[PDB]
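As structure tokens, the structure follows; a few thoughts come after it.
Note that we place each Cβ from the backbone using ideal geometry, even for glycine, and neighbour counts take in every protein chain shown. Read-outs throughout are calculated quantities, based only on the coordinates presented, and are distinct from any laboratory measurement.
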């Protein structure tokens, strides 16, 4: 479902959709955790750089491992996507 599951992130719905294709976890939700649902270490690597494409943001294994959930991934991504470059550039 296009942007069906969106817990305050319109993006998070594409993130788990990748994991469904990568690992095959169809019953993986956005607020659910990869590692809590059972994830394979190399698939985090694949996922990360897969997400990097659809996010347009620099994503490596570190981030998908740290946030644990695609909800918390989209949480930072949507902000990085909105702000673009120059991290936290205030008083522009």
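To the nearest 0.05, what FRET efficiency results for residue 80 and residue 37 with a Förster distance of 22 Å applied to their C-beta separation? Working shown, then result.
Details: r = 25 Å, r/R0 = 1.12.
Computed FRET efficiency for residue 80 and residue 37: 0.35.
Going by how many other Cβ atoms sit within 10 Å of their own, how do 65, 34 line up, fewest first?
By the 10 Å Cβ count, ascending: 65, 34.
Could you list 60, 80 in order of exposure, starting from the residue whose Cβ has the fewest other Cβ atoms within 10 Å? Display every interim value, and only then the final one.
On the way: 60 13, 80 16.
So the residues, fewest neighbours to most, are 60, 80.
With only alpha-carbon atoms counted, please give the Rg and Dmax of the chain, in Å.
When restricted to the Cα atoms of the chain, Rg and Dmax are 12.9, 44 Å.
Find the relative contact order for segment 13-92 and round it to a whole percent, using C-alpha pairs within less than 8 Å whose residues are 6+ positions apart.
In percent, rounded to a whole number, it is 28.
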